[PDB]
file work28.cif (mmCIF, C-alpha atoms)
data_start
#
loop_
_atom_site.group_PDB
_atom_site.id
_atom_site.type_symbol
_atom_site.label_atom_id
_atom_site.label_comp_id
_atom_site.auth_asym_id
_atom_site.auth_seq_id
_atom_site.Cartn_x
_atom_site.Cartn_y
_atom_site.Cartn_z
ATOM 1 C CA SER L 1 -129.724 10.296 140.319
ATOM 2 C CA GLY L 2 -133.416 9.675 139.543
ATOM 3 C CA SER L 3 -133.018 11.229 136.062
ATOM 4 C CA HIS L 4 -135.412 10.276 133.246
ATOM 5 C CA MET L 5 -132.442 9.418 130.976
ATOM 6 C CA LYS L 6 -129.086 10.242 132.635
ATOM 7 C CA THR L 7 -127.080 7.425 134.272
ATOM 8 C CA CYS L 8 -123.988 6.738 136.399
ATOM 9 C CA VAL L 9 -122.618 4.580 133.538
ATOM 10 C CA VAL L 10 -119.330 5.617 131.872
ATOM 11 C CA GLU L 11 -117.032 4.404 129.077
ATOM 12 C CA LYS L 12 -113.573 2.875 129.638
ATOM 13 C CA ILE L 13 -110.329 2.233 127.738
ATOM 14 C CA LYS L 14 -106.920 0.861 128.793
ATOM 15 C CA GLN L 15 -103.493 0.883 127.100
ATOM 16 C CA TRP L 16 -99.759 0.484 127.838
ATOM 17 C CA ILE L 17 -96.916 2.941 127.180
ATOM 18 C CA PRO L 18 -93.173 2.310 127.712
ATOM 19 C CA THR L 19 -91.688 3.893 130.850
ATOM 20 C CA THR L 20 -89.467 5.952 128.496
ATOM 21 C CA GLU L 21 -92.432 8.258 127.765
ATOM 22 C CA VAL L 22 -94.497 8.137 130.988
ATOM 23 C CA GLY L 23 -92.656 11.420 131.677
ATOM 24 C CA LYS L 24 -94.608 12.876 128.710
ATOM 25 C CA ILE L 25 -97.781 12.600 130.851
ATOM 26 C CA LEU L 26 -96.563 12.910 134.469
ATOM 27 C CA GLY L 27 -93.406 15.010 133.915
ATOM 28 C CA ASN L 28 -94.877 18.028 135.757
ATOM 29 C CA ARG L 29 -97.727 17.649 138.293
ATOM 30 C CA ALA L 30 -99.543 15.624 135.594
ATOM 31 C CA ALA L 31 -100.568 19.013 134.136
ATOM 32 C CA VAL L 32 -100.225 17.457 130.662
ATOM 33 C CA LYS L 33 -102.699 14.709 131.615
ATOM 34 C CA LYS L 34 -105.085 17.308 133.080
ATOM 35 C CA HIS L 35 -104.955 19.233 129.776
ATOM 36 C CA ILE L 36 -106.282 16.202 127.858
ATOM 37 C CA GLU L 37 -109.073 15.868 130.444
ATOM 38 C CA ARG L 38 -110.132 19.481 129.758
ATOM 39 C CA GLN L 39 -109.718 19.000 125.987
ATOM 40 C CA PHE L 40 -112.185 16.089 125.807
ATOM 41 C CA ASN L 41 -114.118 16.366 129.110
ATOM 42 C CA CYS L 42 -112.697 12.884 129.873
ATOM 43 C CA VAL L 43 -110.664 11.601 132.845
ATOM 44 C CA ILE L 44 -107.330 9.732 132.699
ATOM 45 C CA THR L 45 -105.505 7.531 135.226
ATOM 46 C CA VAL L 46 -101.897 6.352 134.926
ATOM 47 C CA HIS L 47 -100.931 3.307 137.019
ATOM 48 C CA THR L 48 -97.156 3.483 137.577
ATOM 49 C CA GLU L 49 -97.576 1.074 140.517
ATOM 50 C CA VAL L 50 -98.073 -1.551 137.760
ATOM 51 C CA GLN L 51 -95.536 -2.928 135.270
ATOM 52 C CA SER L 52 -95.971 -5.802 132.792
ATOM 53 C CA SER L 53 -93.186 -8.112 131.565
ATOM 54 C CA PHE L 54 -93.064 -5.577 128.693
ATOM 55 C CA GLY L 55 -91.589 -3.090 131.205
ATOM 56 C CA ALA L 56 -94.369 -0.648 130.211
ATOM 57 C CA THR L 57 -96.762 1.251 132.509
ATOM 58 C CA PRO L 58 -100.538 1.003 131.859
ATOM 59 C CA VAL L 59 -103.015 3.913 131.777
ATOM 60 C CA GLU L 60 -106.830 4.099 131.817
ATOM 61 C CA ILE L 61 -109.441 6.524 130.442
ATOM 62 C CA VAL L 62 -113.048 7.370 131.398
ATOM 63 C CA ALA L 63 -115.684 9.516 129.651
ATOM 64 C CA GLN L 64 -119.419 10.067 129.116
ATOM 65 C CA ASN L 65 -119.303 8.490 125.633
ATOM 66 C CA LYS L 66 -116.906 6.771 123.208
ATOM 67 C CA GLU L 67 -117.097 10.001 121.177
ATOM 68 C CA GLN L 68 -115.110 11.585 124.048
ATOM 69 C CA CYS L 69 -113.141 8.547 125.297
ATOM 70 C CA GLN L 70 -111.601 7.591 121.926
ATOM 71 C CA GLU L 71 -110.429 11.156 121.253
ATOM 72 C CA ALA L 72 -108.390 11.099 124.483
ATOM 73 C CA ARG L 73 -107.156 7.565 123.684
ATOM 74 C CA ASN L 74 -105.864 8.496 120.216
ATOM 75 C CA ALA L 75 -104.205 11.677 121.545
ATOM 76 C CA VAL L 76 -101.826 9.894 123.959
ATOM 77 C CA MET L 77 -100.557 7.555 121.217
ATOM 78 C CA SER L 78 -98.638 10.299 119.361
ATOM 79 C CA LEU L 79 -99.465 13.844 120.541
ATOM 80 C CA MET L 80 -99.422 13.288 124.333
ATOM 81 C CA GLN L 81 -100.135 17.067 124.518
ATOM 82 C CA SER L 82 -96.379 17.414 125.194
ATOM 83 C CA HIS L 83 -94.609 15.576 122.313
ATOM 84 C CA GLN L 84 -93.658 18.990 120.835
ATOM 85 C CA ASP L 85 -89.977 18.081 121.433
ATOM 86 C CA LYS L 86 -89.900 16.206 118.093
#

call {"tool": "encode", "arguments": {"input": "work28.cif", "output": "structure tokens"}}
result
Amino acid sequence: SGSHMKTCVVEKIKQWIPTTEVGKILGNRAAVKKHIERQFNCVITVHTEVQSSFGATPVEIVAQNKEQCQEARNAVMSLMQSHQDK
């Protein structure tokens, strides 16, 4: 704190994924989620304690900038850093 330009402010994004692929993020100690956090310096938080009428589970993202938050957001929509099975 007390920086001449740095702040505690951070970016945020939120999206839903069907429960049929939550295992593509949390299938092993969330090591796949932690790989996306090291790939974009972002942070990610799945919320399996939540479920919409869509039956899907939501997830959230945090980063220093949208230039780092959007790259982690667009990765989970198709690559998931574990979708190599297809």

call {"tool": "closest_residue", "arguments": {"input": "work28.cif", "among": "L:46, L:13, L:5, L:25", "to": "residue L:70", "atoms": "only C-alpha atoms"}}
result
L:13

call {"tool": "residues_around", "arguments": {"input": "work28.cif", "residues": "residue L:59", "least_positions_apart": "5", "cutoff": "9 Å", "atoms": "all atoms listed in the file", "output": "ChimeraX atom specification"}}
result
/L:13-17,44-48

call {"tool": "resolve_selection", "arguments": {"input": "work28.cif", "expression": "the PyMOL selection byres ((chain L and resi 33) around 10)", "output": "tab-separated table (two decimals) with C-alpha atoms, in the coordinates of the input"}}
result
chain	number	residue	atom	x	y	z
L	24	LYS	CA	-94.61	12.88	128.71
L	25	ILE	CA	-97.78	12.60	130.85
L	26	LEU	CA	-96.56	12.91	134.47
L	27	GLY	CA	-93.41	15.01	133.92
L	28	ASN	CA	-94.88	18.03	135.76
L	29	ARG	CA	-97.73	17.65	138.29
L	30	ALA	CA	-99.54	15.62	135.59
L	31	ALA	CA	-100.57	19.01	134.14
L	32	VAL	CA	-100.22	17.46	130.66
L	34	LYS	CA	-105.08	17.31	133.08
L	35	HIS	CA	-104.96	19.23	129.78
L	36	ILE	CA	-106.28	16.20	127.86
L	37	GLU	CA	-109.07	15.87	130.44
L	38	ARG	CA	-110.13	19.48	129.76
L	39	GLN	CA	-109.72	19.00	125.99
L	43	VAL	CA	-110.66	11.60	132.84
L	44	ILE	CA	-107.33	9.73	132.70
L	45	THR	CA	-105.50	7.53	135.23
L	46	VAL	CA	-101.90	6.35	134.93
L	72	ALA	CA	-108.39	11.10	124.48
L	76	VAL	CA	-101.83	9.89	123.96
L	80	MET	CA	-99.42	13.29	124.33
L	81	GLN	CA	-100.14	17.07	124.52
L	82	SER	CA	-96.38	17.41	125.19

call {"tool": "atom_distance", "arguments": {"input": "work28.cif", "atom1": "atom CA of residue L:40", "atom2": "atom CA of residue L:71"}}
result
6.9 Å

call {"tool": "atom_distance", "arguments": {"input": "work28.cif", "atom1": "atom CA of residue L:58", "atom2": "atom CA of residue L:84"}}
result
22.2 Å

call {"tool": "atom_distance", "arguments": {"input": "work28.cif", "atom1": "atom CA of residue L:49", "atom2": "atom CA of residue L:18"}}
result
13.6 Å

call {"tool": "closest_residue", "arguments": {"input": "work28.cif", "among": "L:1, L:7, L:51, L:57", "to": "residue L:20", "atoms": "only C-alpha atoms"}}
result
L:57

call {"tool": "residues_around", "arguments": {"input": "work28.cif", "residues": "residue L:62", "least_positions_apart": "3", "cutoff": "6 Å", "atoms": "only C-alpha atoms", "output": "count of residues only"}}
result
4

call {"tool": "decode", "arguments": {"input": "work28.cif", "residues": "stretch 61-84 of chain L", "atoms": "N, CA, C and O atoms", "output": "PDB file, in the first residue's frame"}}
result
ATOM      1  N   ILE L  61     -13.081 -15.513 -12.050  1.00  0.00           N
ATOM      2  CA  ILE L  61     -11.696 -15.245 -12.409  1.00  0.00           C
ATOM      3  C   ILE L  61     -11.290 -13.881 -11.863  1.00  0.00           C
ATOM      4  O   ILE L  61     -12.122 -12.979 -11.758  1.00  0.00           O
ATOM      5  N   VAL L  62     -10.008 -13.731 -11.516  1.00  0.00           N
ATOM      6  CA  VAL L  62      -9.450 -12.485 -11.002  1.00  0.00           C
ATOM      7  C   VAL L  62      -8.060 -12.281 -11.593  1.00  0.00           C
ATOM      8  O   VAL L  62      -7.308 -13.244 -11.747  1.00  0.00           O
ATOM      9  N   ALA L  63      -7.707 -11.037 -11.923  1.00  0.00           N
ATOM     10  CA  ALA L  63      -6.397 -10.722 -12.477  1.00  0.00           C
ATOM     11  C   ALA L  63      -6.073  -9.238 -12.309  1.00  0.00           C
ATOM     12  O   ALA L  63      -6.919  -8.446 -11.898  1.00  0.00           O
ATOM     13  N   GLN L  64      -4.834  -8.867 -12.632  1.00  0.00           N
ATOM     14  CA  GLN L  64      -4.355  -7.501 -12.511  1.00  0.00           C
ATOM     15  C   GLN L  64      -4.996  -6.600 -13.564  1.00  0.00           C
ATOM     16  O   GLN L  64      -5.178  -5.406 -13.330  1.00  0.00           O
ATOM     17  N   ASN L  65      -5.337  -7.173 -14.721  1.00  0.00           N
ATOM     18  CA  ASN L  65      -5.813  -6.439 -15.884  1.00  0.00           C
ATOM     19  C   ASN L  65      -6.687  -7.343 -16.747  1.00  0.00           C
ATOM     20  O   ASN L  65      -6.604  -8.566 -16.644  1.00  0.00           O
ATOM     21  N   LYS L  66      -7.524  -6.751 -17.606  1.00  0.00           N
ATOM     22  CA  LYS L  66      -8.346  -7.532 -18.524  1.00  0.00           C
ATOM     23  C   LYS L  66      -7.473  -8.247 -19.548  1.00  0.00           C
ATOM     24  O   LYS L  66      -7.891  -9.242 -20.132  1.00  0.00           O
ATOM     25  N   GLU L  67      -6.256  -7.744 -19.770  1.00  0.00           N
ATOM     26  CA  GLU L  67      -5.307  -8.370 -20.682  1.00  0.00           C
ATOM     27  C   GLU L  67      -4.822  -9.712 -20.132  1.00  0.00           C
ATOM     28  O   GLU L  67      -4.236 -10.500 -20.874  1.00  0.00           O
ATOM     29  N   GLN L  68      -5.063  -9.976 -18.842  1.00  0.00           N
ATOM     30  CA  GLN L  68      -4.702 -11.238 -18.210  1.00  0.00           C
ATOM     31  C   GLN L  68      -5.948 -12.013 -17.774  1.00  0.00           C
ATOM     32  O   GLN L  68      -5.888 -13.234 -17.628  1.00  0.00           O
ATOM     33  N   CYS L  69      -7.074 -11.324 -17.567  1.00  0.00           N
ATOM     34  CA  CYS L  69      -8.290 -11.962 -17.086  1.00  0.00           C
ATOM     35  C   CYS L  69      -9.051 -12.602 -18.248  1.00  0.00           C
ATOM     36  O   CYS L  69      -9.626 -13.678 -18.091  1.00  0.00           O
ATOM     37  N   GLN L  70      -9.050 -11.952 -19.417  1.00  0.00           N
ATOM     38  CA  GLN L  70      -9.769 -12.451 -20.581  1.00  0.00           C
ATOM     39  C   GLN L  70      -9.069 -13.665 -21.186  1.00  0.00           C
ATOM     40  O   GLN L  70      -9.723 -14.524 -21.770  1.00  0.00           O
ATOM     41  N   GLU L  71      -7.743 -13.746 -21.048  1.00  0.00           N
ATOM     42  CA  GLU L  71      -6.994 -14.858 -21.607  1.00  0.00           C
ATOM     43  C   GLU L  71      -7.288 -16.140 -20.830  1.00  0.00           C
ATOM     44  O   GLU L  71      -7.281 -17.226 -21.406  1.00  0.00           O
ATOM     45  N   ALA L  72      -7.549 -16.017 -19.524  1.00  0.00           N
ATOM     46  CA  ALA L  72      -7.910 -17.158 -18.698  1.00  0.00           C
ATOM     47  C   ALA L  72      -9.387 -17.513 -18.877  1.00  0.00           C
ATOM     48  O   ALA L  72      -9.779 -18.663 -18.698  1.00  0.00           O
ATOM     49  N   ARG L  73     -10.210 -16.521 -19.238  1.00  0.00           N
ATOM     50  CA  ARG L  73     -11.633 -16.710 -19.467  1.00  0.00           C
ATOM     51  C   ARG L  73     -11.878 -17.460 -20.773  1.00  0.00           C
ATOM     52  O   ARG L  73     -12.731 -18.344 -20.825  1.00  0.00           O
ATOM     53  N   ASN L  74     -11.132 -17.110 -21.819  1.00  0.00           N
ATOM     54  CA  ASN L  74     -11.288 -17.730 -23.128  1.00  0.00           C
ATOM     55  C   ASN L  74     -10.601 -19.092 -23.214  1.00  0.00           C
ATOM     56  O   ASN L  74     -10.829 -19.833 -24.169  1.00  0.00           O
ATOM     57  N   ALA L  75      -9.762 -19.435 -22.231  1.00  0.00           N
ATOM     58  CA  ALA L  75      -9.080 -20.721 -22.222  1.00  0.00           C
ATOM     59  C   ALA L  75      -9.989 -21.825 -21.686  1.00  0.00           C
ATOM     60  O   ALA L  75      -9.903 -22.965 -22.135  1.00  0.00           O
ATOM     61  N   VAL L  76     -10.865 -21.503 -20.729  1.00  0.00           N
ATOM     62  CA  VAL L  76     -11.702 -22.501 -20.072  1.00  0.00           C
ATOM     63  C   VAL L  76     -12.919 -22.840 -20.929  1.00  0.00           C
ATOM     64  O   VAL L  76     -13.636 -23.798 -20.647  1.00  0.00           O
ATOM     65  N   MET L  77     -13.170 -22.065 -21.987  1.00  0.00           N
ATOM     66  CA  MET L  77     -14.334 -22.278 -22.833  1.00  0.00           C
ATOM     67  C   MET L  77     -14.104 -23.328 -23.919  1.00  0.00           C
ATOM     68  O   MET L  77     -15.047 -23.673 -24.631  1.00  0.00           O
ATOM     69  N   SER L  78     -12.878 -23.845 -24.063  1.00  0.00           N
ATOM     70  CA  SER L  78     -12.607 -24.844 -25.088  1.00  0.00           C
ATOM     71  C   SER L  78     -11.350 -25.662 -24.805  1.00  0.00           C
ATOM     72  O   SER L  78     -11.323 -26.858 -25.085  1.00  0.00           O
ATOM     73  N   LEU L  79     -10.306 -25.034 -24.250  1.00  0.00           N
ATOM     74  CA  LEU L  79      -9.045 -25.722 -24.000  1.00  0.00           C
ATOM     75  C   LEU L  79      -9.054 -26.396 -22.631  1.00  0.00           C
ATOM     76  O   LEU L  79      -8.649 -27.549 -22.503  1.00  0.00           O
ATOM     77  N   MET L  80      -9.516 -25.662 -21.615  1.00  0.00           N
ATOM     78  CA  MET L  80      -9.598 -26.105 -20.227  1.00  0.00           C
ATOM     79  C   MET L  80      -8.268 -26.655 -19.704  1.00  0.00           C
ATOM     80  O   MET L  80      -8.233 -27.230 -18.620  1.00  0.00           O
ATOM     81  N   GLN L  81      -7.178 -26.484 -20.462  1.00  0.00           N
ATOM     82  CA  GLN L  81      -5.862 -27.030 -20.151  1.00  0.00           C
ATOM     83  C   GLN L  81      -5.890 -28.528 -19.840  1.00  0.00           C
ATOM     84  O   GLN L  81      -4.957 -29.052 -19.229  1.00  0.00           O
ATOM     85  N   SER L  82      -6.956 -29.223 -20.257  1.00  0.00           N
ATOM     86  CA  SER L  82      -7.095 -30.656 -20.030  1.00  0.00           C
ATOM     87  C   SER L  82      -8.048 -31.314 -21.035  1.00  0.00           C
ATOM     88  O   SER L  82      -8.344 -32.501 -20.920  1.00  0.00           O
ATOM     89  N   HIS L  83      -8.540 -30.560 -22.027  1.00  0.00           N
ATOM     90  CA  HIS L  83      -9.475 -31.069 -23.025  1.00  0.00           C
ATOM     91  C   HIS L  83      -8.755 -31.857 -24.129  1.00  0.00           C
ATOM     92  O   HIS L  83      -9.284 -32.012 -25.229  1.00  0.00           O
ATOM     93  N   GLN L  84      -7.549 -32.357 -23.845  1.00  0.00           N
ATOM     94  CA  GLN L  84      -6.742 -33.093 -24.807  1.00  0.00           C
ATOM     95  C   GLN L  84      -7.383 -34.435 -25.184  1.00  0.00           C
ATOM     96  O   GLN L  84      -6.970 -35.069 -26.152  1.00  0.00           O
TER      97      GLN L  84
END
